[PDB]
Amino acid sequence: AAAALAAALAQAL
């Protein structure tokens, strides 16, 4: 998840 979520955030912002 750490990977999944970090990327989620990066892209969102």
# chains A, B, ... in the order shown; residues from 1 in each chain; ligands from 1
>>> select_by_dssp(residues="chain A", states="alpha helix (DSSP H)", output="ChimeraX atom specification")
/A:2-12
